[PDB]
Structures are given as C-alpha cells and as structure tokens.
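Inspection log for the structure reproduced underneath, given as structure tokens.
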Amino acid sequence: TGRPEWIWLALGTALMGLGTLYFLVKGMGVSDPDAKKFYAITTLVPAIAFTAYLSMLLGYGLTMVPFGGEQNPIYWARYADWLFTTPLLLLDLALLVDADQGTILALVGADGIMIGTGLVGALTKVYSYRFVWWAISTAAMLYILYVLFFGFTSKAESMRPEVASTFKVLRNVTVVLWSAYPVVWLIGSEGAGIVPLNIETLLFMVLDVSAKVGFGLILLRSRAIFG
Ligand SMILES: *C/C=C(C)/C=C/C=C(C)/C=C/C1=C(C)CCCC1(C)C
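Spelled out as structure tokens, the structure:
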C-alpha cells in the first residue's frame, strides 16, 4: 500500500512504545501502593495506543465510508484506542483529587457517549447526519471538561498544594488537548475533507502523544502520587 500518512503512524507507534516501557520500568521499582496505582493506569494508556497505532500502521482499523460522492478513508481503530484510553486518563485525575464514586461513574459514562456517537458519526453515510453525531459527541466532551474545571479543581483544594498544583497542570493540559480533537475531526477526513488525511494523521499523533506520554511524564514525576 504505502499511504501518505504511514510515517505519522510509525512515529506515533514509536513514541507510544518508548513511553509505555519507561513508565513500566519506573512503575515496578516503586513500593508505595498509591504510586503503584497511578503507575498501572498511566502505563496502560500508551500501551493501548501503541497497539492501535501499530494495527493502523500495518493496514488495519481502516474502512472506506461513502458520502459526499466519494469513497472516504476512515480510521476507526482510533475510537477502539480512545474508548479505553480516555476514561483511564479521567480516572488518574479523579483519583488525584479524591473524586467521589458518583463523579467518576458519570465522567466515564459521558466519555462513553462521546466516543460512541463519535464513531457512529464517522461511519454515517448521510453527509449531514455525520455532523449531527459529531455535535452530540462534542456536547458530551464539554460536560467532561466542565466537570474537570468546575468540580475537580474545587475538590483538589482539600488536598495539599503539591497535589492541587499537579492536578491544575494535568487539568490544563487536558483542556487544551481534548478541545482540539473535535476541530481536527470537523475539518479533516471524517468531516469537511478540507485537511488531507496525511496532515490529519500528524495532527492526531501530536495530540495523542502529548495527551498520553505528555500527561504521563507530568503525573508520574510528581510526588502527588504518593499515599
Ligand atoms: C489519548 C487520547 C485522548 C486524550 C483523546 C481525546 C479524544 C477526544 C477529546 C475526542 C473527541 C471527539 C469529539 C468531541 C467529537 C468527534 C469525534 C471525537 C471522538 C474525535
């Protein structure tokens, strides 16, 4: 085959792999129970992403969806990746500020709708409806972001400054990155088809890598993970 975006897939594969191993190695040398918790979660995130990037690199997770009079290439392997990586990231943040069980369930469920409608939208054949699904998926995301910003930040105030200040950073990196995904989708292959697939793939690998390995390095080097 040799599609124009493969080099971005090979690069996402690579970065996700090194990040997985470094976290794995750093996580099995720590004795603290809580630290082990955050470590097991944060290493699983880039591990799921590495397998998904590898599959796509090798020709899987791709389907030709018909709409707009064209045969559009939609990488569905992404949603298979984000379906488990996104709620796991949310969990790290909820465990950090001592989010309540009810809070966590609702964030994971919201996350579920977001990825579900997102994929359903990316597979829809009626061009206009693709945007009806995209619309719902984004509304779910804003719910998640509102909670992280208005709820979590508030509960992180009963924590120590070291924990509150680490969460702020992760909360900020998450808000900036997640907000970018609905936009790439809209002007890319699953949407308006303005940005070509090769560029779109590069945009996604930068967000995925920053939101997983970036987020991970920040959380795992902090002392807020210790019980
Ligand atoms: C490691 C991956 C991360 C942090 C992925 C975050 C992904 C999102 C915030 C995705 C959002 C989407 C929408 C708001 C609507 C359209 C489809 C999605 C799934 C691309």
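According to the UniProt record's numbering, the sequence shown holds residues 18 to 244 in order. Just so it is clear, CB atoms sit at the ideal spot from N, CA and C, and this is done for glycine as well.
query, result
"In this structure, does DSSP put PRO83 in helix, strand or coil?", "strand"
"For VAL125, which residues from the same chain have a beta carbon less than 6 Å from its beta carbon, with the 5 sequence-adjacent residues on both sides left out?", "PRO104"
"Taking the continuous alpha helix (DSSP H) assigned at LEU122, which residues delimit it?", "118-140"
"Keeping to the same chain, check which residues put their C-beta closer than 7 Å to that of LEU32; ignore five residues upstream and five downstream.", "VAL226, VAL230"
"Give the straight-line distance between the Cα atoms of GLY129 and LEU220, rounded to the nearest whole angstrom.", "23 Å"
"Alpha helix (DSSP H) containing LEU162: first to last residue?", "144-163"
"According to DSSP, is residue 265 part of a helix, a strand, or is it coil?", "A query on residue 265 cannot be resolved here, the shown segment of the chain reaching from 18 to 244 and no further."
"Taking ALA228 as part of the alpha helix (DSSP H), name the residues at either end of that continuous run.", "Run containing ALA228: none; DSSP gives neither H nor E here."
"Look at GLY168 and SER154 and say whether their C-beta atoms are less than 7 Å apart.", "no"
"Please confirm if the region 178-185 is in contact with the region 91-105, defined as three or more CB-CB distances below 8 Å between the two stretches.", "no"
"Suppose contacts are defined by Cβ-Cβ distances below 7 Å. Is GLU22 in contact with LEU203 by that definition?", "no"
"If we count Cβ pairs, one from each stretch, closer than 8 Å, do we get three or more for the region 161-177 versus the region 109-122?", "yes"
"Since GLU174 is in the alpha helix (DSSP H), which residue starts that stretch and which ends it?", "Here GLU174 belongs to no alpha helix (DSSP H), and DSSP marks it neither H nor E."
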